[PDB]
Amino acid sequence: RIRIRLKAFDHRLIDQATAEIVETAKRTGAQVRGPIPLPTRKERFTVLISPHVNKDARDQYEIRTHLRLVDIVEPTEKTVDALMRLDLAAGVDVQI
Amino acid sequence: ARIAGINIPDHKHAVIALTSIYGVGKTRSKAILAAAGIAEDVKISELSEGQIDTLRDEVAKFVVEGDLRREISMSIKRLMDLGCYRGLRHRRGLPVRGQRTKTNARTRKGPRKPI
Amino acid sequence: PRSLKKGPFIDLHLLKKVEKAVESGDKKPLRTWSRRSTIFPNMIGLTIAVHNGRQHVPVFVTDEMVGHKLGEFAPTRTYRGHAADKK
Amino acid sequence: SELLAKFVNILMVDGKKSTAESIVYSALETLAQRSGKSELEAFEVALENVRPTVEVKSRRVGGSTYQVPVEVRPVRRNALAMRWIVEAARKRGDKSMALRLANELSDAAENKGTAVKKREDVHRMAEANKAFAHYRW
Amino acid sequence: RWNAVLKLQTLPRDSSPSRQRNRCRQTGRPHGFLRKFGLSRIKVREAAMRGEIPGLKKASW
RNA sequence: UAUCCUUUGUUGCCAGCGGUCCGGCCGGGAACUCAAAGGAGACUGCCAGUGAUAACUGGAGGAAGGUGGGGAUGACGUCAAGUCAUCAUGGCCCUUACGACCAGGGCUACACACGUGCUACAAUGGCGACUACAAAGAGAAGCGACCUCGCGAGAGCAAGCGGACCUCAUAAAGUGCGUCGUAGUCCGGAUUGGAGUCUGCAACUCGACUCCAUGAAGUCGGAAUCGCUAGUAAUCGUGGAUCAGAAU
């Protein structure tokens, strides 16, 4: 019963890592509760597009912090061995 | 009623009425009524002769009127007689420029004004 | 009108030590050469001696004096006041 | 009555209907105390007296703009009657809000004032150009 | 100043070696210095913009 | 962005049950809200009228209908439009100096004139105490709980978070209660005197802010002219980018 929340800024690097975390644990251990999205806290900025005049412009910007659950139950010795060894994603912060 | 030096606050609360004094304000208005034991929601026309008496004697011990205005005049006179620009600023009858203001400055002043 | 902008001038050779004496109160009269410096808080209560060009005169700085230069309290010329010179 | 529900809205400034209905019903109360008549009846008559029948419009017919008399629609007579009553009330000099409405609803029944002057002025503009009546429209 | 910068004096007074403080090398300000550079917050900036400080660069957003 | 469904849930909620210092808080469970992804959905098809047709008008069904609502996007070309001080570039021109360093001075100088803005005159109001709801945002030397000192700004001490779990926060109007009477006034705040805080190396022409004192003009405005058709006008307050700090 090990829950793994995977968070990051880039949406893709997460799907890659999260998917790997699952696929690898799909063999040695349980099928995992399956990778999920969860609520993503968004941070947006609204600054002027053009440096002058056109006051009526200032576009919208956003930096999202995506999350994941995965959650792997019924962990076996090899279930963890497949985790500790392989770790690619760098923009992904793991929390087991 | 009359309290300090020349002041006639009429038809108003004991607080706002005293606020019309050059010396005391809101902060002093509350503290004085609390020290003399007077209701702040009572009109000046409802105050007894005994309440006003205790109000005059206490508010009496304070600084106000002319004697204070002379202290101000003296303060402005001391730096005025000296070589301080601030004092000359108080007069402002001095040269604002860069040419001479003493004489030959009618091109900006206009017709000669009386001394 | 005076002038400052945002660069008040205080000679470092009369602003750092004056802060030293602030270690535990103040220190006996001091002597500075550059009267160009302007008076400020810290210098209050202390007795600085300005150079008239001949000697150093003791100028007891006060809060009311803050803002003016040390030279303003150190007269250059010397007028006797040929008379009873009273008050 | 929907008329009263509509009159309470024009007096609703900033969305304060709770206070609005407070001044309205307080006016009808003092209205029955000052006048021996039902507050409702005295209300309707007040709005009926303030309504125009024929309005003259300006139209360019060939050379110049002629003033042609035309009939008014029943949907605008209700709005104007309501609007001109509240504006005239805010014109009175009595501090009491509910009192300004009670007196206005009474004087409106008696008939006399500025609102009446405008009624006569419009009535005069009409018939004065009866030579343009054949353009009933 | 020249008197306050007694720090230059390797041997401290009655106080233990801990007495030795810092003082900026350029301006000589004890308020806010940066050990690594030995310069104060005011000098590190002026020296930074000039580019006289090697490896140092202004952070961007 | 508006309705619905499928996948998923440490956000959510006795919706349902149990415990409850009755705070989802806990047990617990995913319904609901929400978060994310994919998908479903309008197309004049149906009804009546008119018409050669297209199509127009009315109507039912329906969450939304006739491009449902808001973005990005701007044709061949025009003004020889703006910028060679963003940068690149042809020609031209200077290379002890139209190069460089340093100290000290202004752009915020005024009798006036103009443009663009701000603050105004109250009781469908102002003030004091108490008290109820929001969204979107920001935080490493930074946001700063809590405590203590000060009328206050602020200062000393100091927990927690790195942050949809700690903080900035108190939302304001609103609601309940009490107070003020029409006078230049408890309207309005200019100006000026005194004291002080904060940023900054350093604020006497050039700061912002706090407290006390002072407290003007102004009681709604001569000739013209400007902004808008729905949650929009109008009105009220809040966070952010730039950023040590003059944004009304």
# chains A, B, ... in the order shown; residues from 1 in each chain; ligands from 1
call {"tool": "residues_around", "arguments": {"residues": "residue 76 (chain C)", "least_positions_apart": "5", "cutoff": "10 Å", "atoms": "only C-alpha atoms (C1' of nucleotides)", "output": "PyMOL selection string"}}
result
chain C and resi 51-54+71
call {"tool": "write_last_selection", "arguments": {"atoms": "C-alpha atoms", "output": "compact mmCIF listing (two decimals), in the first residue's frame"}}
result
# COMPACT_ATOMS: atom_id res chain seq x y z
CA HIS C 51 37.13 75.04 11.50
CA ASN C 52 36.59 78.73 10.75
CA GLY C 53 39.90 78.64 8.93
CA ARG C 54 41.86 79.77 11.97
CA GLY C 71 29.67 75.65 8.51
call {"tool": "residues_around", "arguments": {"residues": "residue 68 (chain F)", "least_positions_apart": "5", "cutoff": "12 Å", "atoms": "only C-alpha atoms (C1' of nucleotides)", "output": "PDB file with N, CA, C and O atoms (P, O5', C5', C4', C3', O3' and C1' of nucleotides), in the first residue's frame"}}
result
ATOM      1  P     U F   1     -13.227  27.009 -19.464  1.00  0.00           P
ATOM      2  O5'   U F   1     -14.509  27.919 -19.714  1.00  0.00           O
ATOM      3  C5'   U F   1     -14.741  29.084 -18.926  1.00  0.00           C
ATOM      4  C4'   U F   1     -16.080  29.693 -19.271  1.00  0.00           C
ATOM      5  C3'   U F   1     -17.263  28.741 -19.255  1.00  0.00           C
ATOM      6  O3'   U F   1     -17.771  28.561 -17.940  1.00  0.00           O
ATOM      7  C1'   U F   1     -17.338  30.050 -21.218  1.00  0.00           C
ATOM      8  P     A F   2     -18.651  27.261 -17.600  1.00  0.00           P
ATOM      9  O5'   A F   2     -19.965  27.449 -18.480  1.00  0.00           O
ATOM     10  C5'   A F   2     -20.978  28.371 -18.087  1.00  0.00           C
ATOM     11  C4'   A F   2     -22.260  28.090 -18.832  1.00  0.00           C
ATOM     12  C3'   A F   2     -22.686  26.633 -18.878  1.00  0.00           C
ATOM     13  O3'   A F   2     -23.358  26.262 -17.680  1.00  0.00           O
ATOM     14  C1'   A F   2     -22.921  27.604 -21.025  1.00  0.00           C
ATOM     15  P     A F  42     -26.182  17.708 -32.898  1.00  0.00           P
ATOM     16  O5'   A F  42     -26.686  19.181 -33.238  1.00  0.00           O
ATOM     17  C5'   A F  42     -26.479  19.752 -34.528  1.00  0.00           C
ATOM     18  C4'   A F  42     -26.768  21.233 -34.486  1.00  0.00           C
ATOM     19  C3'   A F  42     -25.931  21.991 -33.466  1.00  0.00           C
ATOM     20  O3'   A F  42     -24.767  22.566 -34.073  1.00  0.00           O
ATOM     21  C1'   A F  42     -28.248  22.553 -33.257  1.00  0.00           C
ATOM     22  P     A F  63     -34.136  20.572 -21.709  1.00  0.00           P
ATOM     23  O5'   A F  63     -33.310  21.932 -21.790  1.00  0.00           O
ATOM     24  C5'   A F  63     -33.166  22.769 -20.644  1.00  0.00           C
ATOM     25  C4'   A F  63     -31.869  23.540 -20.714  1.00  0.00           C
ATOM     26  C3'   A F  63     -31.667  24.379 -21.965  1.00  0.00           C
ATOM     27  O3'   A F  63     -32.269  25.660 -21.795  1.00  0.00           O
ATOM     28  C1'   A F  63     -29.703  23.127 -21.505  1.00  0.00           C
TER      29        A F  63
END
call {"tool": "residues_around", "arguments": {"residues": "residue 118 (chain D)", "least_positions_apart": "6", "cutoff": "12 Å", "atoms": "only C-alpha atoms (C1' of nucleotides)", "output": "VMD selection string"}}
result
chain D and resid 50 to 52 84 112 124 to 125
call {"tool": "write_last_selection", "arguments": {"atoms": "N, CA and C atoms", "output": "JSON list (two decimals), in the first residue's frame"}}
result
[["chain", "number", "residue", "atom", "x", "y", "z"],
["D", 50, "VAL", "N", -51.58, 61.68, -14.37],
["D", 50, "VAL", "CA", -50.31, 62.02, -15.02],
["D", 50, "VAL", "C", -50.03, 61.15, -16.23],
["D", 51, "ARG", "N", -50.77, 61.36, -17.31],
["D", 51, "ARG", "CA", -50.60, 60.58, -18.54],
["D", 51, "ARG", "C", -51.04, 61.35, -19.78],
["D", 52, "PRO", "N", -50.13, 61.52, -20.75],
["D", 52, "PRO", "CA", -50.44, 62.23, -22.00],
["D", 52, "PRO", "C", -51.16, 61.31, -22.98],
["D", 84, "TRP", "N", -42.41, 60.27, -13.11],
["D", 84, "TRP", "CA", -42.67, 61.66, -12.78],
["D", 84, "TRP", "C", -43.21, 61.88, -11.37],
["D", 112, "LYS", "N", -52.00, 70.09, -9.66],
["D", 112, "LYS", "CA", -51.40, 71.42, -9.68],
["D", 112, "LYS", "C", -49.90, 71.32, -9.44],
["D", 124, "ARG", "N", -51.23, 72.21, -25.19],
["D", 124, "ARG", "CA", -51.27, 73.45, -25.96],
["D", 124, "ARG", "C", -50.57, 73.29, -27.30],
["D", 125, "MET", "N", -49.42, 72.62, -27.30],
["D", 125, "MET", "CA", -48.68, 72.40, -28.54],
["D", 125, "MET", "C", -49.62, 71.66, -29.49]]
call {"tool": "select_by_dssp", "arguments": {"residues": "chain E", "states": "strand (DSSP E)", "output": "PDB file with C-alpha atoms, in the first residue's frame"}}
result
ATOM      1  CA  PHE E  33      28.755  42.876   3.599  1.00  0.00           C
ATOM      2  CA  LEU E  34      29.062  39.704   1.519  1.00  0.00           C
ATOM      3  CA  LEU E  39      32.122  43.804  -0.470  1.00  0.00           C
ATOM      4  CA  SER E  40      28.970  45.494   0.829  1.00  0.00           C
TER       5      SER E  40
END
call {"tool": "interface_residues", "arguments": {"of": "chain F", "to": "chain D", "cutoff": "12 Å", "atoms": "only C-alpha atoms (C1' of nucleotides)", "output": "list in words"}}
result
residues 123, 124, 173, 174, 181, 182, 234, 235 and 236 of chain F
call {"tool": "write_last_selection", "arguments": {"atoms": "C-alpha atoms (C1' of nucleotides)", "output": "PDB file, in the first residue's frame"}}
result
ATOM      1  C1'   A F 123     -28.889  61.282   6.019  1.00  0.00           C
ATOM      2  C1'   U F 124     -31.693  55.558  -0.196  1.00  0.00           C
ATOM      3  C1'   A F 173     -20.884  47.450   0.489  1.00  0.00           C
ATOM      4  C1'   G F 174     -24.252  44.318   3.618  1.00  0.00           C
ATOM      5  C1'   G F 181     -29.777  68.277  12.184  1.00  0.00           C
ATOM      6  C1'   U F 182     -29.025  71.711   7.694  1.00  0.00           C
ATOM      7  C1'   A F 234     -23.502  53.281 -12.947  1.00  0.00           C
ATOM      8  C1'   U F 235     -21.395  52.235  -8.343  1.00  0.00           C
ATOM      9  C1'   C F 236     -17.933  49.660  -4.348  1.00  0.00           C
TER      10        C F 236
END
call {"tool": "decode", "arguments": {"residues": "region 53-96 of chain B", "atoms": "N, CA and C atoms", "output": "PDB file, in the first residue's frame"}}
result
ATOM      1  N   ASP B  53     -18.444  73.327  36.427  1.00  0.00           N
ATOM      2  CA  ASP B  53     -17.436  73.875  37.326  1.00  0.00           C
ATOM      3  C   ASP B  53     -16.213  72.967  37.377  1.00  0.00           C
ATOM      4  N   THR B  54     -16.453  71.664  37.493  1.00  0.00           N
ATOM      5  CA  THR B  54     -15.374  70.686  37.547  1.00  0.00           C
ATOM      6  C   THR B  54     -14.739  70.528  36.170  1.00  0.00           C
ATOM      7  N   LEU B  55     -15.452  70.981  35.144  1.00  0.00           N
ATOM      8  CA  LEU B  55     -14.970  70.895  33.770  1.00  0.00           C
ATOM      9  C   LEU B  55     -14.066  72.077  33.435  1.00  0.00           C
ATOM     10  N   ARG B  56     -14.377  73.236  34.008  1.00  0.00           N
ATOM     11  CA  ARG B  56     -13.597  74.445  33.767  1.00  0.00           C
ATOM     12  C   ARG B  56     -12.241  74.407  34.467  1.00  0.00           C
ATOM     13  N   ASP B  57     -12.251  74.060  35.750  1.00  0.00           N
ATOM     14  CA  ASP B  57     -11.026  73.998  36.541  1.00  0.00           C
ATOM     15  C   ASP B  57      -9.987  73.025  35.988  1.00  0.00           C
ATOM     16  N   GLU B  58     -10.442  71.870  35.513  1.00  0.00           N
ATOM     17  CA  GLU B  58      -9.537  70.861  34.969  1.00  0.00           C
ATOM     18  C   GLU B  58      -8.994  71.242  33.597  1.00  0.00           C
ATOM     19  N   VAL B  59      -9.887  71.635  32.694  1.00  0.00           N
ATOM     20  CA  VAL B  59      -9.485  72.028  31.349  1.00  0.00           C
ATOM     21  C   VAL B  59      -8.687  73.328  31.419  1.00  0.00           C
ATOM     22  N   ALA B  60      -8.824  74.035  32.535  1.00  0.00           N
ATOM     23  CA  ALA B  60      -8.126  75.298  32.742  1.00  0.00           C
ATOM     24  C   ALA B  60      -6.615  75.129  32.615  1.00  0.00           C
ATOM     25  N   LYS B  61      -6.068  74.146  33.323  1.00  0.00           N
ATOM     26  CA  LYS B  61      -4.634  73.884  33.288  1.00  0.00           C
ATOM     27  C   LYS B  61      -4.175  73.363  31.931  1.00  0.00           C
ATOM     28  N   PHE B  62      -3.997  74.279  30.983  1.00  0.00           N
ATOM     29  CA  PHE B  62      -3.555  73.924  29.639  1.00  0.00           C
ATOM     30  C   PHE B  62      -3.054  75.181  28.928  1.00  0.00           C
ATOM     31  N   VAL B  63      -2.482  75.011  27.739  1.00  0.00           N
ATOM     32  CA  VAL B  63      -1.956  76.143  26.977  1.00  0.00           C
ATOM     33  C   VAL B  63      -2.871  76.536  25.822  1.00  0.00           C
ATOM     34  N   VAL B  64      -3.152  77.838  25.679  1.00  0.00           N
ATOM     35  CA  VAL B  64      -4.014  78.357  24.616  1.00  0.00           C
ATOM     36  C   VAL B  64      -3.975  79.878  24.477  1.00  0.00           C
ATOM     37  N   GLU B  65      -4.669  80.368  23.454  1.00  0.00           N
ATOM     38  CA  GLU B  65      -4.786  81.795  23.166  1.00  0.00           C
ATOM     39  C   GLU B  65      -3.501  82.572  22.902  1.00  0.00           C
ATOM     40  N   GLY B  66      -3.674  83.875  22.687  1.00  0.00           N
ATOM     41  CA  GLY B  66      -2.579  84.788  22.402  1.00  0.00           C
ATOM     42  C   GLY B  66      -1.189  84.423  22.884  1.00  0.00           C
ATOM     43  N   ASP B  67      -1.032  84.229  24.190  1.00  0.00           N
ATOM     44  CA  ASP B  67       0.266  83.885  24.762  1.00  0.00           C
ATOM     45  C   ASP B  67       0.989  82.816  23.949  1.00  0.00           C
ATOM     46  N   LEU B  68       0.221  81.952  23.292  1.00  0.00           N
ATOM     47  CA  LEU B  68       0.793  80.890  22.476  1.00  0.00           C
ATOM     48  C   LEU B  68       1.144  81.444  21.098  1.00  0.00           C
ATOM     49  N   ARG B  69       0.290  82.323  20.584  1.00  0.00           N
ATOM     50  CA  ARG B  69       0.509  82.926  19.275  1.00  0.00           C
ATOM     51  C   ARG B  69       1.732  83.835  19.268  1.00  0.00           C
ATOM     52  N   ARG B  70       2.071  84.388  20.429  1.00  0.00           N
ATOM     53  CA  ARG B  70       3.235  85.256  20.530  1.00  0.00           C
ATOM     54  C   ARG B  70       4.488  84.391  20.503  1.00  0.00           C
ATOM     55  N   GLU B  71       4.377  83.188  21.057  1.00  0.00           N
ATOM     56  CA  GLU B  71       5.494  82.252  21.084  1.00  0.00           C
ATOM     57  C   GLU B  71       5.818  81.851  19.652  1.00  0.00           C
ATOM     58  N   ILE B  72       4.785  81.811  18.816  1.00  0.00           N
ATOM     59  CA  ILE B  72       4.947  81.458  17.412  1.00  0.00           C
ATOM     60  C   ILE B  72       5.614  82.624  16.693  1.00  0.00           C
ATOM     61  N   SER B  73       5.117  83.830  16.949  1.00  0.00           N
ATOM     62  CA  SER B  73       5.665  85.032  16.334  1.00  0.00           C
ATOM     63  C   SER B  73       7.147  85.168  16.672  1.00  0.00           C
ATOM     64  N   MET B  74       7.488  84.895  17.928  1.00  0.00           N
ATOM     65  CA  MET B  74       8.873  84.977  18.381  1.00  0.00           C
ATOM     66  C   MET B  74       9.731  83.933  17.676  1.00  0.00           C
ATOM     67  N   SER B  75       9.164  82.748  17.472  1.00  0.00           N
ATOM     68  CA  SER B  75       9.875  81.662  16.807  1.00  0.00           C
ATOM     69  C   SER B  75      10.214  82.035  15.368  1.00  0.00           C
ATOM     70  N   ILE B  76       9.322  82.789  14.733  1.00  0.00           N
ATOM     71  CA  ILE B  76       9.518  83.222  13.354  1.00  0.00           C
ATOM     72  C   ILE B  76      10.374  84.486  13.294  1.00  0.00           C
ATOM     73  N   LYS B  77      10.459  85.195  14.415  1.00  0.00           N
ATOM     74  CA  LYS B  77      11.237  86.425  14.483  1.00  0.00           C
ATOM     75  C   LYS B  77      12.718  86.140  14.725  1.00  0.00           C
ATOM     76  N   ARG B  78      13.006  85.084  15.479  1.00  0.00           N
ATOM     77  CA  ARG B  78      14.385  84.724  15.793  1.00  0.00           C
ATOM     78  C   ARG B  78      15.210  84.263  14.593  1.00  0.00           C
ATOM     79  N   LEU B  79      14.606  83.488  13.697  1.00  0.00           N
ATOM     80  CA  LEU B  79      15.328  83.012  12.520  1.00  0.00           C
ATOM     81  C   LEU B  79      15.192  84.017  11.381  1.00  0.00           C
ATOM     82  N   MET B  80      14.391  85.052  11.611  1.00  0.00           N
ATOM     83  CA  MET B  80      14.171  86.090  10.610  1.00  0.00           C
ATOM     84  C   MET B  80      15.248  87.162  10.720  1.00  0.00           C
ATOM     85  N   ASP B  81      15.654  87.462  11.951  1.00  0.00           N
ATOM     86  CA  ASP B  81      16.676  88.469  12.201  1.00  0.00           C
ATOM     87  C   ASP B  81      18.069  87.936  11.880  1.00  0.00           C
ATOM     88  N   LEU B  82      18.180  86.619  11.750  1.00  0.00           N
ATOM     89  CA  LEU B  82      19.457  85.984  11.441  1.00  0.00           C
ATOM     90  C   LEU B  82      19.622  85.764   9.943  1.00  0.00           C
ATOM     91  N   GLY B  83      20.768  85.213   9.555  1.00  0.00           N
ATOM     92  CA  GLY B  83      21.033  84.966   8.151  1.00  0.00           C
ATOM     93  C   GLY B  83      20.558  83.606   7.675  1.00  0.00           C
ATOM     94  N   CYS B  84      19.325  83.253   8.027  1.00  0.00           N
ATOM     95  CA  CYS B  84      18.756  81.973   7.624  1.00  0.00           C
ATOM     96  C   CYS B  84      17.783  82.176   6.469  1.00  0.00           C
ATOM     97  N   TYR B  85      17.927  81.368   5.423  1.00  0.00           N
ATOM     98  CA  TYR B  85      17.059  81.476   4.259  1.00  0.00           C
ATOM     99  C   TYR B  85      15.603  81.223   4.631  1.00  0.00           C
ATOM    100  N   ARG B  86      15.375  80.251   5.511  1.00  0.00           N
ATOM    101  CA  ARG B  86      14.022  79.928   5.944  1.00  0.00           C
ATOM    102  C   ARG B  86      13.346  81.182   6.483  1.00  0.00           C
ATOM    103  N   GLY B  87      14.102  81.973   7.238  1.00  0.00           N
ATOM    104  CA  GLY B  87      13.560  83.200   7.790  1.00  0.00           C
ATOM    105  C   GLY B  87      13.209  84.163   6.675  1.00  0.00           C
ATOM    106  N   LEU B  88      14.050  84.192   5.646  1.00  0.00           N
ATOM    107  CA  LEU B  88      13.832  85.061   4.497  1.00  0.00           C
ATOM    108  C   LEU B  88      12.658  84.530   3.687  1.00  0.00           C
ATOM    109  N   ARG B  89      12.416  83.229   3.805  1.00  0.00           N
ATOM    110  CA  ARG B  89      11.323  82.582   3.092  1.00  0.00           C
ATOM    111  C   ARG B  89      10.006  83.019   3.720  1.00  0.00           C
ATOM    112  N   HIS B  90      10.021  83.206   5.037  1.00  0.00           N
ATOM    113  CA  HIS B  90       8.836  83.642   5.763  1.00  0.00           C
ATOM    114  C   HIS B  90       8.431  85.024   5.274  1.00  0.00           C
ATOM    115  N   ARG B  91       9.427  85.834   4.931  1.00  0.00           N
ATOM    116  CA  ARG B  91       9.178  87.178   4.432  1.00  0.00           C
ATOM    117  C   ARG B  91       8.793  87.072   2.965  1.00  0.00           C
ATOM    118  N   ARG B  92       9.616  86.349   2.213  1.00  0.00           N
ATOM    119  CA  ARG B  92       9.403  86.158   0.787  1.00  0.00           C
ATOM    120  C   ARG B  92       9.304  87.518   0.098  1.00  0.00           C
ATOM    121  N   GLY B  93       9.801  88.530   0.782  1.00  0.00           N
ATOM    122  CA  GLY B  93       9.811  89.871   0.230  1.00  0.00           C
ATOM    123  C   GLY B  93      11.200  90.024  -0.353  1.00  0.00           C
ATOM    124  N   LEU B  94      11.952  88.932  -0.257  1.00  0.00           N
ATOM    125  CA  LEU B  94      13.318  88.851  -0.746  1.00  0.00           C
ATOM    126  C   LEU B  94      13.330  88.467  -2.226  1.00  0.00           C
ATOM    127  N   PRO B  95      14.522  88.441  -2.848  1.00  0.00           N
ATOM    128  CA  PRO B  95      14.664  88.086  -4.264  1.00  0.00           C
ATOM    129  C   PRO B  95      14.334  86.627  -4.565  1.00  0.00           C
ATOM    130  N   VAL B  96      13.389  86.413  -5.475  1.00  0.00           N
ATOM    131  CA  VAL B  96      12.996  85.064  -5.863  1.00  0.00           C
ATOM    132  C   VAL B  96      13.991  84.542  -6.893  1.00  0.00           C
TER     133      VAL B  96
END
